[PDB]
């Protein structure tokens, strides 16, 4: 990375101004004579004691243990930005009642308790409690700062390198601090190539949230990367809390310690709009945040398979050779990707007429193999009078403009390019409509989309992005909306894929840039990483930081984007990627070809093994995503989410869990012959999924490994569903029989769910065409029952096998199901491992049934 191309806090005038304010007595005070209390909110005027500027505080109790704080100017020269389209609804409120009041303080009770809010007038402060337990304080260090709109180096016009920001509205930054007593561990605020547990920023830079295209980004630093989710989670043995700072402008976050952690948010423009999510459990915080910004869109099943990409497959013959290569080497793959060279000179929605002359025929061939293709579509449009997309956007005034009213022109892949104003709802409608099969000539239903460079990336722009003073829909400046530009591109593309199918097909869109709410539109990935071991390691904390803030469909380029990975690293990367939500191999233009059959047999075999593990686990992955979609719970989880009282798990980032059932510790060092695996849980047991060896928690196990090892353990008390018949793509497998892997707890119990539907439509929601089964084992009986009776589905899927770990040898196995006489099943038992295999139950997955041992 070239750090000089990106601003440090001292180079961002608003950050320097805000950060120069040090702890002390706040000049802000609440004017309690102006206090007004209604059923939905409390409002009160605040005044700055020196400037005499008046602000309005709108304080609200909310349902589900949350509090909203909004501060804006009482009489602004012009309205301040309020972030649209991120919140899914107007949050239901809870009534505030005055339970105490004096000349300097007001105590408010939320609904009928136990939550309370103390408003101190001078200096202005808010304290949030549950009964007598103080959870959080606001403005405790007196760092609130609200720069009012006026009619000081860099406060007005400001230059960065060769770029001048005309800054017509001058200094308008907002900032506020929060104190978290009892909290020593905080997480979130992606995207940074840094540790899962966030570092204190006291003696260095704050964390930066500003969607930027950072070429050859480096590790373990707070530089802003491609996406920004302004959500911070705090965890202790006693409680979980969340802070959601709803602001779309450049934001800097300072973290400091004292036990107590203090957080300061500093934003360029807009209002102060913050949600305090009081838990108490981390799952309560996930539900709270999901109620505000929605949940992960349910991926079509194929998008959870393996994706093969590079910059670039040369032509149709290369795509078809790659397709045939997977089949000739018995390696599954669902999708083949087409990067920017597939288009006509990077005019999106077009095809190179020599390389891709017959895209419908190429898509037909992939469809005959039950595979999909993904084509890149970026949000920069070549300035070319012969290009219809440019001519239509120019003619309809849908481009971002400069202050003089001309269409902004920057430099990107097609050379001179303009930037559609995705903040304009008519621009988004036009974009969605461009994905119709009539408009996007050469597209077909098995063609999905990748949105890259949507920060937006501008090669000749400041920090490789758009001018701060460019003008968007409604007269808002680029500085006001920057961090939601990419989200809008993602949203409009997803809606395009839904609309082209008549609203029936679920979309699949990968996006580089993102914000709060991006989970509703598809997948994200960690951008242009490098083919190095420390980048392989950092994929875990980066995707875990995203999972915690609702973006469950995350991944990193398998093999690394830049440079050539050695075969051992490529193998370990396939193994890591095979257990991460978005699983794609991708590579830079200058790299050698790295399709997995080009390696020596030992490496091919380890890669095929990893692919087979992933494909067999698709029913499990699909179910976790359904739980993410319905509840807002993360798919990939830090161990502290499952073990909140185990303080040794709070900073772990070389291990993770998938749901509550699998613990993964991928090998991430060259020449490793073993790994230290921490298996948590008092009275918990863990099964090595390969050997079936049972291990008691809590312990650190030194596990020996070879090239083909993927250290994975199943938790006792869980039931994992698999498709053991691995075929060439997920479509081929989606009607096949299931094998249930029952891992018994020390009490001889287990449970697990299974979600099934057609694999690709909204019929599960519009027609309740799905199955949600609950499998439960207790007292020598395994039972299948409905976990949601509203769901019905016509399916040939049946239960072909049950594998029970931790079971003794039965004398007999009986199956009962309505409509059939009692059945006797044959079985095999290994006394060394205590693994019992039940042969061919033969029952429909849509039916209730019971299997009794003995």
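Residue numbers count along the first chain shown, from 1. Note that the rigid core is defined as the largest set of C-alphas that superpose within 1.5 Å between two forms.
Student: Do the Cα atoms of 404-412 stray more than those of 753-761 in 4 other deposited structures of this protein, or is it the other way round, with the core held fixed?
Tutor: More C-alpha displacement in 4 other deposited structures of this protein shows up in 404-412.
Student: What is the count, as a class, of unmodelled deposited residues between residue 258 and residue 259: none, 1 to 3, 4 to 9, or 10 or more?
Tutor: Just 1 to 3 residues are missing between them.
Student: Counting only residues of the deposited sequence, how many between residue 600 and residue 601 have no atoms in the entry (none, 1 to 3, 4 to 9, 10 or more)?
Tutor: Missing residues, residue 600 to residue 601: none.
Student: Per the entry, where is the mean C-alpha temperature factor higher: 419-427 or 170-178?
Tutor: Taking the mean C-alpha B-factor of 419-427 and of 170-178, the larger value falls to 170-178.
Student: Would you tell me which stretch averages the higher CA B-factor in the PDB entry, 555-563 or 397-405?
Tutor: If you average the C-alpha B-factors of 555-563 and of 397-405, the larger mean comes out for 397-405.
Student: Looking at the C-alpha B-factor values in the deposited entry, which of 161, 382, 307, 588 comes out highest?
Tutor: It is 161.
Student: Compare the CA B factors listed in the entry for 447, 278, 219, 754 and report the winner.
Tutor: That would be 278.
Student: Lowest, middle or highest third: which one holds residue 729 when the chain's residues are ordered by CA B-factor from the entry?
Tutor: It falls in the bottom third of the chain.
Student: Should residue 152 be placed in the lowest, middle or highest third of its chain by the C-alpha B factor in the entry?
Tutor: According to the entry, residue 152 has a C-alpha B-factor in the chain's highest third.
Student: Relative to the other modelled residues in the chain, which third contains the C-alpha temperature factor of residue 524: lowest, middle or highest?
Tutor: Lowest third.
Student: What third of its chain, lowest, middle or highest, does the C-alpha temperature factor of residue 493 fall into?
Tutor: As the PDB entry reports it, the C-alpha B-factor of residue 493 lands in the middle third of its chain.
Student: For residue 838, does the deposited CA B-factor place it in the lowest, middle or highest third of the chain?
Tutor: Answer is lowest: the recorded C-alpha B-factor places it there.
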